[PDB]
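J.: please find the sequence and an experimentally derived structure below.
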Amino acid sequence: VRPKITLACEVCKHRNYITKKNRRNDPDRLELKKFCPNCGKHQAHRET
Amino acid sequence: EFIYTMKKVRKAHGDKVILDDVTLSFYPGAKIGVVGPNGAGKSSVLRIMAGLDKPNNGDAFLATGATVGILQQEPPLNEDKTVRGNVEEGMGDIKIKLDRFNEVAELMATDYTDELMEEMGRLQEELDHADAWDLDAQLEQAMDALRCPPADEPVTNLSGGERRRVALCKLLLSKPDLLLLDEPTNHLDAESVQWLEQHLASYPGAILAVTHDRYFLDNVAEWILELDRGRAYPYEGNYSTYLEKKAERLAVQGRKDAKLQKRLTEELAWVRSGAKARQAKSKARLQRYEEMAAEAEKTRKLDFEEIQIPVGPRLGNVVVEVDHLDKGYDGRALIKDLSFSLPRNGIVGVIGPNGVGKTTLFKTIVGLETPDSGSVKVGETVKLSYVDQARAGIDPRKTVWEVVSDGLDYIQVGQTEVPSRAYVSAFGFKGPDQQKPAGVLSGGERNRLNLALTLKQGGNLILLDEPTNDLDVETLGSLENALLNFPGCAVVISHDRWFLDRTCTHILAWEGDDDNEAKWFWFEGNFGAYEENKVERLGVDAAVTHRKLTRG
Amino acid sequence: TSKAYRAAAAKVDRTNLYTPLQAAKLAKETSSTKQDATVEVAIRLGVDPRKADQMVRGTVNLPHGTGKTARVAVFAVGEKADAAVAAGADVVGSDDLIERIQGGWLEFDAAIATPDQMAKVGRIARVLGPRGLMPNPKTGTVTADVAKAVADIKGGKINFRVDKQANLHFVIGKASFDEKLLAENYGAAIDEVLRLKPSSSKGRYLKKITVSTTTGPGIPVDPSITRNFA
RNA sequence: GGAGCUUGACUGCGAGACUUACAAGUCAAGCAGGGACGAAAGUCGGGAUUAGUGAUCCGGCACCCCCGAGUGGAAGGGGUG
RNA sequence: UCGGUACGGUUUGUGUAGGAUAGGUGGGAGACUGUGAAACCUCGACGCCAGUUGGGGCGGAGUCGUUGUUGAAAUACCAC
Ligand SMILES: Nc1ncnc2c1ncn2[C@@H]1O[C@H](COP(=O)(O)OP(=O)(O)O)[C@@H](O)[C@H]1O
Ligand SMILES: Nc1ncnc2c1ncn2[C@@H]1O[C@H](COP(=O)(O)OP(=O)(O)O)[C@@H](O)[C@H]1O
Ligand code: VO4
Ligand code: VO4
Ligand SMILES: [Mg+2]
Ligand SMILES: [Mg+2]
Ligand SMILES: [Mg+2]
Ligand SMILES: [Mg+2]
Ligand SMILES: [Mg+2]
Ligand SMILES: [Mg+2]
Ligand SMILES: [Mg+2]
Ligand SMILES: [Mg+2]
Ligand SMILES: [Mg+2]
Ligand SMILES: [Mg+2]
Ligand SMILES: [Mg+2]
Ligand SMILES: [Zn+2]
């Protein structure tokens, strides 16, 4: 019900993050503005 | 010599499996039909095969030298023009190139000298490679087969269930190879579907048609692909092969549970018994039991909530009355000289081909669209409940418990106090399905919260606006036997020749012809006895040749 | 189906693969049977015309011509019209000739048009495209050198192109030429087919080839013959 | 308790300590990169605190392109998540 | 006997415009030597959009058939 999800980047697709969300409250993929060390600057992140 | 295949693909939404260990293949020219109950994953299969949805755990894979087309169950027809919406795909591979011919139209010598040959020269060949040189001479030949609206009609709101005549004219003009389509016989007539049973019957290419009616699938498909709880099964037959094969699978699996629960009684009282003197309770029969009580939980489960319509207040001697009505639009006058009184304790069926004005007749009765001439006498002995074709009461951003219950906890339905969560559970949405949004739902679950929020006032005159669509043969009977035991006067618009043959007493037909496209005919009698009247009130058994979508 | 046609078919065995040394002789058994006229050479390719990298469309300059009037339509003014009428073109016009194309008069074979007279040509080519009378720079018609290209159409730079059903269709001229004058035209086309093998031709490239006349039967040739036609 | 924007429920580290047979567990000011909020001062490396977890082995995946069994590659191995 | 494959013979494709196009493409100015005319035989399988060509009775008594024709193209006959 809370699966582990992972936040790939949106410029370069590195799978930089991993966390949990509630699958029935949020049936769509999370978008957050997290850091990316490949790029060295904040970018967007969707799920996989 | 294959056109689509899957490896060991498994796909799930929630803890509700849609596929698990599904390996199957598809030949070119395989008239595949897809069946199954509502919510069983007919389109979640078909989204992946179109390439939009990725599987979870497996490999979905199209063949290389081929192409795909898709008709979703609500085609997202963008709103520019109808003659737009036949070349912006279909000939959409050519419009991206025929904007360059307009640039090089009058052929000046300015700014290009060696592109006088090579850049313009590919346009000389791609106007003869695909043999799409004119693009607007056989485009009229295409739209004179779907019987489309005229070319200068901007689809801002004016198309009802004739959106789908345009979207069929898109991807059948693409001429694809993998031809995927969710429910073509939705919203169509008994002359456009009867056309589509020949264009898909002399068609090079591979077809997977997801459908629910018994009679489209008998003439189109040649194999069946069902979808049970996760598991697929290919067949060889018709739709009646599926209903006998589904009945025996649920029976002989039901007989397993009527054996496994029996030997679960003795393996429980044996565990409940105390141990004797020196002996030991054998620890390989507690592992035998505590494992066996896990195949007594996940195996047996089912649910099917019957549709029931609430009962409203007492209906008087008048229901609604319409005398010499005139209504159309600017030049397009679709109702002339119609007079009828709507009966008491019956079922009224509205029969007419598409684009004639069946939905607008209920706009006048509910009162969202005032007529031109005539009079609509209503009476104060009637309270209105109106389910609609557009399903606009459903908001695609909020979930099932707010789409119908408006966020609060006890709703008024029959002027009574029935709780919200217990009311939506009467339509199948229970437990985990109270938290899911409204675009996520199926086409059946879309057409069942439609009845949840519009049969909420619970009046005594209900207007069914295409209820026979997007739902299987098990909930269709739950609506066929919920308005035969209704106190009075449900009115239904339907194209389904075997839904009005069983529940109808009052035909509201349309015998319009060339000199006036506005004649309507009132009748008292069931649909099956109306037809022998029409063979002798109109011409002698005259109430066709195919229209080729392209000559090449 | 004719009584004289089956006797021509009796003189060619179906089973035995033939050579250009022999197909010239079997042309003579058909030139003494039928009209000595254009001889068709068909090639079934091992390609797929769906893709762009497997789309085969080539050219060949034959060493003996083609046995045809080779009429050239020239749209030119000034000295470009004078330099093309002295090269073999019998149809020499301008933008005024565009009005005579749509009047039911298409009595020409090729249309080598100058870029300067391209005012109303791209719209009248729509009745030329599927009728095959359309110009093309890859055919050598829409080009800045409209002088030497007229004698090349006289010289037989006829263009072949694989259709949708994976078939090459190209000619080797009249039977009025000699027997080895056939193989000079015959070997030149296949030498341009093999150069136009695509980058991704899976399997064997030239799977079948045949030769036939106007109203005569076909001739099974050997695809292994690629170097020593004569 | 309420409201407005937001993603620090970060990446590279971490002096010094608590607890501790070992393995573990815990706290951490402060430094930089790149942010959020604030007029600034500053606070933010999840939640008022303390539970919501499981060593090693062997495997899966994504990326870094480290070794490549004569050499060029590859198979396989390895590294950071 | 029922199948897979490779070669070869015959055959099917019917909106709207005219003889409802015998499909695609290249070639094409002619074709058959025969009543193309009719019958108990009607491409009795095609069969509806139907006259597309024969289970073929005429039995050298000999016409049809490029038809330049409005259409996107039409016509023989043959080849891929
Ligand atoms: N994105 C989603 N998230 C969660 N559940 C979904 C989603 N899409 C569909 N479902 C549920 O899973 C089932 C699959 O839908 P499906 O049956 O494939 O639609 P259709 O009836 O058109 O085939 C539906 O009953 C629906 O309730
Ligand atoms: N908003 C509108 N404005 C003008 N005309 C409309 C509008 N909505 C529908 N129509 C016309 O109504 C006619 C058919 O009514 P419709 O509701 O589509 O009947 P049905 O529901 O039986 O198909 C169509 O000709 C359409 O042009
Ligand atoms: O838009 V309808 O013809 O299904 O009433
Ligand atoms: O495939 V459906 O259950 O949306 O008719
Ligand atoms: Mg939320
Ligand atoms: Mg409608
Ligand atoms: Mg569906
Ligand atoms: Mg975390
Ligand atoms: Mg430290
Ligand atoms: Mg900082
Ligand atoms: Mg600021
Ligand atoms: Mg800190
Ligand atoms: Mg071990
Ligand atoms: Mg090595
Ligand atoms: Mg490796
Ligand atoms: Zn990045």
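T.: Great, that's in hand. Numbering: from 1, shown residues only, chains lettered A, B, ... in the order given. Ligands and ions are numbered 1, 2, ... in the order given.
J.: for residue B:453, which three-state class applies?
T.: Following DSSP: H, G, I helix; E, B strand; the rest coil, residue B:453 is assigned to helix.
J.: same thing with residue C:194?
T.: helix.
J.: which residue packs closest to it, ignoring adjacent ones?
T.: If the residues on either side of it in the chain are set aside, residue C:194 comes closest to residue C:226, at 6.6 Å by Cβ to Cβ, 6 or more residues apart in numbering or on different chains. (Each C-beta comes from the backbone N, C-alpha and C, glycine too.)
J.: separation between that neighbour and ligand 16?
T.: 55 Å (Cβ to the ion, to the nearest Å).
J.: same check, this time on residue C:199
T.: 36 Å.
J.: which ones are touching that residue?
T.: Residue C:199 makes contacts with residue C:53, as judged by Cβ atoms under 8 Å, 6 or more residues apart in numbering or on different chains.
J.: how many neighbours does residue B:285 have?
T.: 13 (other Cβ atoms under 10 Å in any protein chain shown).
J.: which other residues reach the helix or strand it falls within?
T.: If you go by DSSP states H and E, residue B:285 is part of helix B:283-292. For helix B:283-292, the surrounding residues in contact (Cβ under 8 Å, 6+ apart) are B:260, B:264, B:267-268, B:270-271.
J.: if we go to 6 Å?
T.: Applying Cβ atoms under 6 Å, 6 or more residues apart in numbering or on different chains, the external contacts of helix B:283-292 come out as B:267, B:271.
J.: again with stretch B:63-80
T.: Residues contacting stretch B:63-80 (Cβ under 6 Å, 6+ apart): B:2-3, B:50, B:85, B:155, B:163, B:167, B:171, B:174, B:176-183, B:443, C:50.
J.: let's go with 8 Å and repeat that
T.: B:2-5, B:43, B:46, B:49-52, B:62, B:85, B:88, B:154-156, B:163-164, B:166-168, B:171, B:174, B:176-184, B:186, B:443, B:470, C:48, C:50-51.
J.: same check, this time on stretch B:3-15
T.: Contacts for stretch B:3-15 (Cβ under 8 Å, 6+ apart): A:1, A:23-24, B:17-28, B:41, B:44, B:48-49, B:53, B:55-63, B:66, B:177-178, B:206, B:432.
J.: write the PyMOL selection for whichever of the residues you listed are buried.
T.: To isolate the buried ones among the contacts of stretch B:3-15 in PyMOL, judged by 16 or more other Cβ atoms under 10 Å in any protein chain shown, type:
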select buried, (chain A and resi 23+24) or (chain B and resi 18+19+20+22+26+41+44+48+49+55+58+60+62+63+66+177+178+206)
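J.: run a quick neighbour tally on residue C:114.
T.: 22.
J.: what's the burial count for residue B:137?
T.: 9.
J.: do the same with the one 10 residues further on
T.: Residue neighbour count, defined by other Cβ under 10 Å, stands at 17 for residue B:147.
J.: for residue B:370, same thing?
T.: 9.
J.: then the one 3 residues further on?
T.: For residue B:373, the count of nearby residues is 11 (other Cβ under 10 Å).
J.: for it, which residues make a bridge with it?
T.: residue B:326 (DSSP bridges).
J.: helix or strand: which one has residue B:242?
T.: Using DSSP H and E, residue B:242 falls in helix B:239-272.
J.: quick check: buried residues in that helix?
T.: For helix B:239-272, using 16+ other Cβ under 10 Å, the buried residues are B:239, B:242, B:246, B:267.
J.: stretch C:76-88 now?
T.: C:76, C:80-81, C:83-85, C:87-88.
J.: gap between the two ends of stretch B:521-531?
T.: 13 Å (Cα to Cα, to the nearest Å).
J.: same check on stretch B:57-72?
T.: Termini of stretch B:57-72 sit 24 Å apart (Cα to Cα).
J.: what's the answer for stretch B:118-133, then?
T.: Stretch B:118-133 end-to-end distance (Cα to Cα) = 19 Å.
J.: give me the contacts around it.
T.: By Cβ under 8 Å, 6+ apart, the residues outside stretch B:118-133 that reach it are B:91, B:93-94, B:97, B:100-101, B:104, B:107, B:112, B:552, C:55, C:125-126, C:129-130, C:134-138, C:142.
J.: would you mind listing which of those are buried?
T.: B:91, B:94, B:104, B:107, C:125, C:129, C:134-138, C:142.
J.: out of the residues you listed, who's nearest ligand 6?
T.: Checking the buried ones among the contacts of stretch B:118-133 against ligand 6 with Cβ to the ion, the nearest one is residue B:91 at 28.9 Å.
J.: state the helix or strand in which the residue in chain A positioned nearest to ligand 16 lies.
T.: Ligand 16 sits closest to residue A:36 of chain A, with a gap of 3.3 Å, by Cβ to the ion. For residue A:36, there is no host helix or strand (DSSP H and E).
J.: what is the neighbour count of it?
T.: Neighbour number of residue A:36 under other Cβ under 10 Å is 20.
J.: next, it: phi, psi?
T.: Main-chain torsions, residue A:36, degrees, to the nearest 10: phi -140, psi 120.
J.: if I look at it, how far off is ligand 4?
T.: Separation of residue A:36 from ligand 4 (Cβ to the nearest ligand atom, to the nearest Å): 40 Å.
J.: that residue: what's it in contact with?
T.: A:9, A:11-12, A:14, A:16, A:42-43.
J.: now do residue C:121
T.: Residue C:121 sits in contact with B:107, C:75, C:98, C:113, C:135, where contact means Cβ under 8 Å, 6+ apart.
J.: gap between the first one and residue C:113?
T.: Taking Cβ to Cβ, to the nearest Å as the measure, residue B:107 falls 10 Å from residue C:113.
J.: with the last one instead?
T.: Note on residue C:135: its distance to residue C:113, by Cβ to Cβ, is 5 Å.
J.: mutual contacts of these two, please.
T.: C:121, C:141-142.
J.: near ligand 6, which residues of the stretch 51-200 of chain B?
T.: B:160-161 (Cβ under 5 Å from the ion).
J.: ranges for the helices of the stretch 51-200 of chain B?
T.: B:92-95, B:98-103, B:118-126, B:139-143, B:164-171, B:193-199 (DSSP state H, counting those that start in this stretch).
J.: got the residue ranges for the helices in chain C?
T.: Counting by DSSP state H, chain C has helices at residues C:3-10, C:20-31, C:79-85, C:98-101, C:148-155, C:179-195.
J.: show me the contact partners of the third one.
T.: Helix C:79-85 is contacted from outside by C:72, C:74, C:76, C:92, C:94, C:112, C:114, C:116, C:146-147, C:150, using Cβ under 8 Å, 6+ apart.
J.: hmm, back to that, the residue nearest to residue C:194 contacts residue C:190, doesn't it?
T.: Yes. Residue C:226 is in contact with residue C:190 according to Cβ atoms under 8 Å; the separation is 7.0 Å.
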